[PDB]
Amino acid sequence: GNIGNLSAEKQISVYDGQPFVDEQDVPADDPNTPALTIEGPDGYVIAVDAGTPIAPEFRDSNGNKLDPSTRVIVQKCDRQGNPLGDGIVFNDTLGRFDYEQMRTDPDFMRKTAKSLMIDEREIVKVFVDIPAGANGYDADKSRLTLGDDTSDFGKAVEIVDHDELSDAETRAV
Amino acid sequence: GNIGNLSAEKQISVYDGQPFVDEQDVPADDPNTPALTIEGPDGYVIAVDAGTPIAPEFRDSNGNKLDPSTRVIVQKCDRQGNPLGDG
Amino acid sequence: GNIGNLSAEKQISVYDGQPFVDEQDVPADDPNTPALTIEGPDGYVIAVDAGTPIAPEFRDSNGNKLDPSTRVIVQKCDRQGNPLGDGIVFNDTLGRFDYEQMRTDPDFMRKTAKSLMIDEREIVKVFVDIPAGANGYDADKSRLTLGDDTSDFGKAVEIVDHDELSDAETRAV
Amino acid sequence: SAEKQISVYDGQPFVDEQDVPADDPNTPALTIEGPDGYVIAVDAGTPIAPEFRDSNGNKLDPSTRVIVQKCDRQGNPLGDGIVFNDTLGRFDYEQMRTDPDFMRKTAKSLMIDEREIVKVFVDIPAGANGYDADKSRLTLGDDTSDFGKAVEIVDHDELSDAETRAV
Amino acid sequence: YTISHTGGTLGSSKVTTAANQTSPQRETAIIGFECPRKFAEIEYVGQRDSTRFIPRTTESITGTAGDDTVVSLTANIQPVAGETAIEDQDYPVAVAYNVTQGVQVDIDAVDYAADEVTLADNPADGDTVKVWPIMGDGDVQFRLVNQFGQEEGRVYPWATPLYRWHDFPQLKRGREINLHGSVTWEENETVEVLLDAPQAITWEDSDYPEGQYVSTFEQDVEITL
Amino acid sequence: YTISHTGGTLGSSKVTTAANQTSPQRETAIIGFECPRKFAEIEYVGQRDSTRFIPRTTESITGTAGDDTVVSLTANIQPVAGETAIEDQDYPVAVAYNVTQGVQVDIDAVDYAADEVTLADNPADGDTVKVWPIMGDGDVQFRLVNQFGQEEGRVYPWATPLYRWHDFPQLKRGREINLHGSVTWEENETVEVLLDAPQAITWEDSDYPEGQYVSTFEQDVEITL
Amino acid sequence: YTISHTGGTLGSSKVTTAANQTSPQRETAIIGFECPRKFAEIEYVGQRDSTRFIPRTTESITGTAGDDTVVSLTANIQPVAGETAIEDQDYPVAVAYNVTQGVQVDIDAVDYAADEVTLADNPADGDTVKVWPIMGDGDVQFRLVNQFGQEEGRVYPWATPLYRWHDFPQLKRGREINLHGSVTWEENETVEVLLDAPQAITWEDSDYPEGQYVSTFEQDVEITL
Amino acid sequence: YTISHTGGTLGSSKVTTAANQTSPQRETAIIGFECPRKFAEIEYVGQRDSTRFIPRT
């Protein structure tokens, strides 16, 4: 009655429900406020290699999709909450997306551009640039699905504990 | 599910209702009108040899047999419609 | 004022309205009645390569679709119309198709198995096997689209006139 | 060539249907017997369209279990040699034979000779309403898509069948 | 090892199909000789293998006074391969049965050309009487179908006029019919005899007097074990 | 040295002619693409250059009680890309306009076999309605005309039926039409879209609701400078 | 020497367990796949062998005048496959049964964000209806237990959010729900599926119309003999 | 192996076509000379073989 051992590389996805990320409601027209906020898991490393999908199911309080004019941005920050300018992976609109099938069919899938990597306290943030006419943001009725851990399409996200030379080279930012 | 291949020379018969042969009712005493016409089937070739039989059951509208004194003639023609005399 | 000279191999598709093809309304339960009847066009030669699609948009007099368990059959015959038995290209059903899109996406483009080659008088026939309960065949409302001559997808059919040794080797079936 | 690429369905005189009670799986639902002169070959990766319904035309319970299973010439199952085992509910009767993305294929190849038998076993719950293969049917394989796969049929050729009788 | 043996209306197997044709001139399947699991293969050979065929149709009339005579029957009648008066023939050109009295009736006279006849007695005014005469025009041939129900070949693709099967006595060597073409069967396959004709044909009329079967098809073949 | 342009309903020049066909079923000149002074020469390439054709015709009716339905319009209507229900289609199979109210109509439903439609607003008795549906049957091709007005030769002497342009979702890449043949213009020369169809087709009806042009013939081309 | 089977709700034995959880949020055993003596050993492979899970729970309501709508169901609903309207789905998000009339009910429409629904048939006052909607939130995983009844451990301790099984079109290849890790069984050993979430999943409602099991677990697996 | 003939208003067969044009200034087909099955081919050589036309309205 054995399971079979594992690599340290756990191939998963990322979503609001996990206990190391925070959501937050958003007013009308501030890009600067962080809607999402990952934090480092305090001991493990996350790795999002290139070509990684997103599925940002953002809606209003009334269940409707936001205006496609809004632009979504993902961005790395330091261990204090401050971005770097570089390290950005994604800047686009919701008009690109098909909520009906954005996480389904690879033809419609929207992947990152750059690789990305996370130490025990590193942070990624989501920024949402909106006009005034929007109906804000309701995080309870909205969510995200980052990556795929199920399909023969898309890719996953690697997570690992600290191993010696792996972390020796991984801390080389 | 076999059938057996065939020699090219198919031994058959001929009758009125075939799609390379035409009928035409004739008036009383017109010989030059062709009652029956046969034409080549556009791709195959026919060969009749002598001693070939006939059942030429020619009747009227009421079906009663004709005047037995009637004459019949069968003749090859040109590609236009003109009989040859020869042949 | 130039037009551009042409090869003999005209790449086309085939349908009912063309003047070398005939339709016929059909009852339910004869798999032998020729619904469609192609003939040689009296001088040209047709070649359907193996790997050719079909769209047999078959319906009833009330416009509805036939029973999907219906079987469509396509078969070559002689100059007198007697099928040769062999030289079959098709044996499948209607339920396999989807009339909404059966001539659009290659994922649904049902195609032939073998090649085909028509002399100046050879004939192709199309047959239909159904149970009794159906609402028959209404060719006046139904149609067929054989091959494509418009898309980057699919293939077409080659019409040609008589080139000498081409025909000499072609007649050697 | 001698190899013929076709499909298979119920309305053929090498195949038998048998309407079924509620929840008696051990009964043969369907049966395929050899044709006594030809030889059949299936490769793995081959679709199924088990259009099973009730007397009243409605679909069965999704939680049904289906098996295709080889048997000996006697008719007894070998246990091994299964090609497929899944639920009806996995399929979509509206399009289960149409889109390859919805097609569901075998997990093994298969070979049938002049006496071998394939059986179809069907384990249904208690409450449902039998199975009438009059209004239901089946179609196995396709020879039309570049996708999918056909089934090979042959007359007896010497060397291949000589290999084949080493089972 | 083989034998020479005949298939027929019933013959070896009570699965052969016998159906009726159409009035629109579309060549249809008269009979289907399906092969069983009992045997291995069958073989039919034109120019060697004898055949026998008595086709017959069914018409009807109503009775009125003086109507001892029946009109043209939509059928070009022939004598029975040499003879005109029925009593000396291999078989009757036609037979008549009154339904009300429910009996066979004797035929008196014929006009084959006009396709008319005259009976032994006058029917009752208002009665009904049916007639079973032979078939006239039509062209006939042979076809094969696999076990899959799809076509596999017409045999010698040139049909024959139906009338000769009347116009020769079939029970006499030389006079018997030897067609052209050959064909071989398999287990679940089926050969089909086909016809195109103006008129309808019949089998199994309850009121026919001479047997349960108004017409007959028979063919001698070879059989493999 | 060339680039890619498109010829259009207007195209690169306000001399392109738009005329309609006859009711006597005989082929006519639909459109004349006349090459202008501005350019050097024009090239068409079948199997490279896409083409789009939204034809649309005209019918008219008068209102009275119970006229929520419009007839079989003498046109073999077809679904659009296979799709039927209006709001989901690539473009409307048909539109209609009440003249007296002077407004657009929205449509409930369609029956394609009987070629009928079902509206929402029962028009008034004595009122007038126009309808603009697609065109159904029709065989088109391209013709060449010199500066003199003489026919040189047709392109790829094999017509194109109309209804494929409706059957395919014209905007999807690869699915879009690519006819056959080639042709090249000169300065004062003309090319002509010809059609044969039984129903009259239109352009530029004032009472259209969606746009000042009801029907479009767009084509991709290569151009020299 | 191995083959591919499916373990499921019932599968290869009547010893597999199915029970429900508690409302106090702390996970419990939903299903137990016990291995039989019939086989030798069973294998799981994440990322290879497909898996399927249709969860469905129970709600109850009493009717009165104007009770066409059903309120926030304590249940986070998602449009299946992205699709909102019912009959376009791969399966119904929700089902309704009147017990007083003892019959199925058709649903009119949905609001997903408010988590409310609108039926077609107004119920009666004093009448009782039950509803079978999907399960929404919750966290799942597998677990292992020896022959004794002791935890051996989990597999890949990253509980998949339950609504993913509702998101994708499970019946389509390439999108099917696979997981990460592997595990091998032995004779008297039992794998379990465990869950935690607020609402109480249900099987085996006799009054349910569309099947003798409302909610299903299925999983392709590998077997030795 | 060839000889000469005349095609005409009636000519070698009654499969020709004889129709009239339209008043709108657009050309039509006045006459149609269709070949029969009788002859393998017909040939007209301008500058060699004459043509005659007596039109009348």
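Letters A, B, C, D, E, F, G and H mark the chains in the order given here, with residues in each chain numbered from 1 onward.
We take it that a contact is a pair of C-beta atoms (placed from the backbone, for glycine too) under 8 Å apart; a residue touches a chain by one contact, two chains touch by 3 or more.
Novice: Please identify the chain lying most centrally, where each chain is represented by the average of its Cα atoms.
Specialist: Per-chain C-alpha centroids ranked by distance to the global centroid put C first.
Novice: Applying the document's contact definition, name the chain pair with more C-beta pairs in contact, B-E or C-E.
Specialist: Top pair by contacting C-beta pairs is B-E.
Novice: What is the chain whose Cα centroid lies farthest from the Cα centroid of chain F?
Specialist: Following the centroid criterion, the farthest chain would be E.
Novice: What whole-number Å value describes the gap between the mean CA coordinates of chain C and chain H?
Specialist: Comparing mean C-alpha positions, chain H is 37 Å from chain C.
Novice: Which whole number of Å gives the spacing of the CA centres of chain E and chain F?
Specialist: 60
Novice: Taking the mean of the C-alpha atoms as each chain's centre, how many Å separate chain E from chain G?
Specialist: 67
Novice: Which whole number of Å gives the spacing of the CA centres of chain C and chain D?
Specialist: Computed value for the inter-centroid distance: 30 Å.
Novice: Pull out every residue in chain E that's touching 2 or more other chains.
Specialist: 144, 148-149, 152-153, 158, 186
Novice: Can you list the chain C residues in contact with two or more other chains?
Specialist: 85, 91, in rising order.
Novice: Of all the residues in chain D, which ones touch at least 2 other chains?
Specialist: Where chain D meets two or more other chains at a single residue, that happens at 6, 100-101.
Novice: Can you list the residues on chain B that touch chain E in the complex?
Specialist: Listed in rising order, the residues of chain B that touch chain E are 1-4, 6, 10-13, 15, 17, 59, 62-65.
Novice: Which residues of chain B touch chain H in the complex?
Specialist: Residue list for chain B touching chain H: 39, 79-81.
Novice: Which part of chain D faces chain E closely enough to touch in the complex?
Specialist: 6, 11-14, 35-37
Novice: Residue numbers of chain E touching chain C in their complex, please.
Specialist: 26-29, 144, 148-154, 157-158
Novice: For a test of understanding, state which residues of chain G touch chain A in their complex under the given definition.
Specialist: Listed in rising order, the residues are 79, 81-83, 111-114, 144, 146, 152-153, 155-156, 158, 160-161, 164, 167-169, 174-186, 189.
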